[PDB]
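Protein chains in written order, with our numbering: chain Z, 149 to 263; chain W, 18 to 66; chain D, 6 to 71; chain Y, 8 to 110; chain P, 31 to 231; chain G, 16 to 64; chain L, 1015 to 1118.
What follows is a single structure, written as structure tokens, with notes after it.
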RNA sequence: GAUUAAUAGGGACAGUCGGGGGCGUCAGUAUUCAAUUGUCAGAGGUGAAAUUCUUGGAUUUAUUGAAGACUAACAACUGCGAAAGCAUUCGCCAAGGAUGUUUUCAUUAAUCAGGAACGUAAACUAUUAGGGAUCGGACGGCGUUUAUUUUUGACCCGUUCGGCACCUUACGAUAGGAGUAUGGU
């Protein structure tokens, strides 16, 4: 088994499923929700993240890593510091279509004092 | 009457407070190794002839 | 003497205020000390313990520290 | 100036306590309490809201409340309501939640 | 397009666990209201323990969990349970389409009395403005000292965040609820689907 | 009518005057799942046995 | 450290709540807090400027430093727990492959 | 030749105490900007859109550097200052409060005309007589823990000052509008 780390940047507006190696620098594959759903209103849908996670898991098992460390984040500067329906449904679709999950971490940027 | 009931509730609160003060003083002081003096004994401060 | 300790305190806060020159709480406390000094010195002039021409604004301070 | 806003602000208590807020726990439990899934819930809520609007219009008394009670039921009801409101204020002071100021 | 289906059916190698700490009054309430939370979390498949010695809630994935989102739901649940929301409301964040948020509001006002006035203004007379905000946004709002807790759907979360920001920036909550009511009406009628709605506010 | 309410009397007197069962006790308390410092002491005793 | 590695250690310590107490707030006065931070800086510096980086991380794995901080600070004020929450190596000045393969 | 020494004042000393002030210094993130690398079609809003940025690679991912800001959580029915106001570490500088004293001068006092120093908003509103909290001293002492045993500090409780607030008690007090007509302008 090979662990790859997936950053799920789940805003209220769009969702980003991003898969990198343990360094975090070498991008394996990324698929957003806007590139899978036509409506900008529906760009942040659990359906969007479901299709995105299906595409990403298909790609990374066609590569054959089958194991992911998951790091979820949200807009953290002046935003909400809470992830999205993209994050929840994407994680669900991922570990349904395979992808032995290792360590989960909610790494959001939390400012000490912003504005 | 209202004044008497009010002041006797305050009197009960004050007497229970003083009893808890004396109780904590006994429990945390060196007076623990004594018998509690009865109040009929505590009524007379001194007797002399 | 009470007036001696008070003028020494006024000298001290004045020297610090001259070195720093930005704060205002030091100025407010110096004002209060100057008022207390002037009232006490007035009482002492009335009882007569010092010369009636003895004055302090800054030259008495500079002379008493020099 | 506005009226429908005043109606909404006043009658929010009854509406949210009845059925309309599926994320508040009281409102969901009352959306399946039995007396709001009964046959004419919206009608009974309409009765309560019409009385509230007349009370805002200037009636000093109500139509829904009862008037004659044997003083034991009324003293029990009033004591329990005061005890519950004081308990909620105290369980707000502990945990630091702030509630609405009312004498 | 927006509906979330319930997860039908070992997806965890490393036994994950989250922890949170709480004070004593919360310990009392959590101890006499705990078995509800542990029944619901066992139904989802997550072992949850409470420690009244240290004062710590712990959730951890058991062997028979399969829903992977359940651990993050558990993390947000126990965070709010330490943050003194009611326990039925916590079990309602255990739903699928539910989400929480906390809004820090102490930084946005400098003066102490002005901040107290604005927080009481956000809460409103008799709780009327608060409960009407809860109604018009389908959320649950809890003004918690220096932070404001809120649970609900995501659109309602964005609306409540906006309203809290404007009330702290001294736009009145009555103005905000009037705005929300007019927006709700324009959401009802569909011939006004996509135009600049600013011509009515 | 007139007999002793035995539980009330024992509680009143309390207020005035102030290796097989622990296994099933720990089994009962391992379904709560409160840590419970009394359960902690009991687990230490069961470690000691 | 000895290997010319400049590093920053950020340690965090939470105040102990003493058993058999009734007072809910376990606050320490600011003089106690400054004295405790002074002892913390002393202990960390004294047990991080004597050893090398491999010895430092062999210390960091079983958390000896927080234990010694608790052991030496409980006399001024008891601490509930002392962790080293961050360790940042700022500058590495050497490339000693001998020492590197000695580690590996 | 010169009183009590005031339960009105000021001063000294000691141990302290504080998110009181000033100056420098130390960090923490985040935001923006820039560079490098992996990038490969949107990203960004919004109720919905759009403007905009986007194969010269946006948003994103990872590592840095610079700038400017602020100091989350801790954070209180708390603390400080005369107010406005004051929360990163450390160092310096003065001041200040309370307590204790086997410390002094002995009316020096109180009040405010005049005067002087500090500086986008609002929008539901002589005691009370104790009690339970709270912080700052001080005194005490059955004991747990530092403590390898004396210090000392932490926990408990009791006594005495002082103050920010709670509730209870008062001891009392006191301080034209809307409709409907008529006729003029």
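Ideal Cβ positions, reconstructed from N, Cα and C, are used throughout, including at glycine.
Cβ neighbour criterion (16 or more within 10 Å) applied to residue i
i                      : result
residue 20 (chain G)   : exposed
residue 60 (chain P)   : buried
residue 1045 (chain L) : exposed
residue 148 (chain P)  : buried
residue 54 (chain G)   : buried
residue 227 (chain P)  : exposed
residue 131 (chain P)  : buried
residue 97 (chain P)   : buried
residue 50 (chain Y)   : exposed
residue 102 (chain P)  : buried
residue 262 (chain Z)  : exposed
residue 81 (chain P)   : buried
residue 52 (chain P)   : buried
residue 195 (chain Z)  : buried
Limits of the alpha helix (DSSP H) - the one that residue i falls within
i                      : result
residue 210 (chain Z)  : 194 to 211
residue 13 (chain Y)   : 11 to 25
residue 1111 (chain L) : 1111 to 1117
residue 196 (chain P)  : 184 to 198
residue 83 (chain Y)   : 79 to 100
residue 87 (chain P)   : Where residue 87 (chain P) is concerned, there is no enclosing alpha helix (DSSP H), although the beta strand (DSSP E) it sits in stretches over 86 to 91.
residue 1080 (chain L) : 1078 to 1087
residue 9 (chain D)    : 7 to 25
residue 32 (chain G)   : 21 to 32
residue 36 (chain D)   : 30 to 52
residue 50 (chain Y)   : 48 to 64
residue 38 (chain P)   : Careful: residue 38 (chain P) lies outside any alpha helix (DSSP H) and carries neither H nor E.
residue 49 (chain W)   : No alpha helix (DSSP H) contains residue 49 (chain W), which DSSP labels as neither H nor E.
residue 62 (chain P)   : 54 to 62
residue 64 (chain D)   : 64 to 70
residue 1071 (chain L) : 1067 to 1074
Nearest neighbour of residue i, chosen from the options [CA to CA]
i                      : options                        : result
residue 1075 (chain L) : L:1098, L:1063, L:1089         : L:1098
residue 1056 (chain L) : L:1073, L:1082, L:1077         : L:1082
residue 260 (chain Z)  : P:146, P:188, P:137, P:175     : P:137
residue 185 (chain P)  : P:129, P:144, P:204            : P:129
residue 198 (chain Z)  : Z:173, Z:245, Z:189, Z:220     : Z:245
residue 172 (chain Z)  : Z:190, Z:247, Z:152            : Z:152
residue 1101 (chain L) : L:1077, L:1095, L:1091         : L:1077
residue 320 (chain P)  : P:197, P:208, P:81             : Because chain P in this structure spans residues 31 to 231, residue 320 (chain P) falls outside the shown range and cannot be described.
residue 165 (chain Z)  : Z:214, Z:185, Z:218            : Z:218
residue 226 (chain Z)  : Z:149, Z:258, Z:213, Z:183     : Z:258
residue 36 (chain D)   : D:49, D:62, D:24               : D:62
residue 33 (chain Y)   : P:84, P:85, P:169              : P:169
residue 47 (chain Y)   : Y:89, Y:92, Y:26               : Y:26
residue 199 (chain P)  : P:140, P:109, P:127, P:174     : P:140
residue 1040 (chain L) : L:1023, L:1115, L:1118, L:1091 : L:1091
residue 85 (chain P)   : G:52, G:39, G:24, G:47         : G:52
residue 125 (chain P)  : P:111, P:78, P:74, P:113       : P:74
Residues that residue i bridges to, as DSSP identifies them
i                      : result
residue 156 (chain Z)  : Z:165, Z:220
residue 1021 (chain L) : L:1103
residue 77 (chain P)   : P:90
residue 253 (chain Z)  : Z:219
residue 1015 (chain L) : According to DSSP, which records beta bridges pairwise, residue 1015 (chain L) is partnered with nothing at all.
residue 151 (chain Z)  : Z:215
residue 42 (chain P)   : Z:249
residue 1028 (chain L) : L:1095
residue 179 (chain P)  : P:132, P:172
Span of the beta strand (DSSP E) around residue i
i                      : result
residue 49 (chain P)   : 47 to 51
residue 1100 (chain L) : 1093 to 1105
residue 176 (chain Z)  : 175 to 180
Closer than 6 Å: residue i CB and nearest the ligand FAD heavy atom
i                    : result
residue 10 (chain Y) : Inclusion of the ligand FAD in the displayed structure is not the case, the ligand content being empty and no account of it being possible.
Checklist entry - Which runs of the alpha helix (DSSP H) spanning at least 4 residues fall entirely within the segment 112 to 170 of chain P, listed in chain order? => result 117 to 123, 142 to 153, 158 to 167
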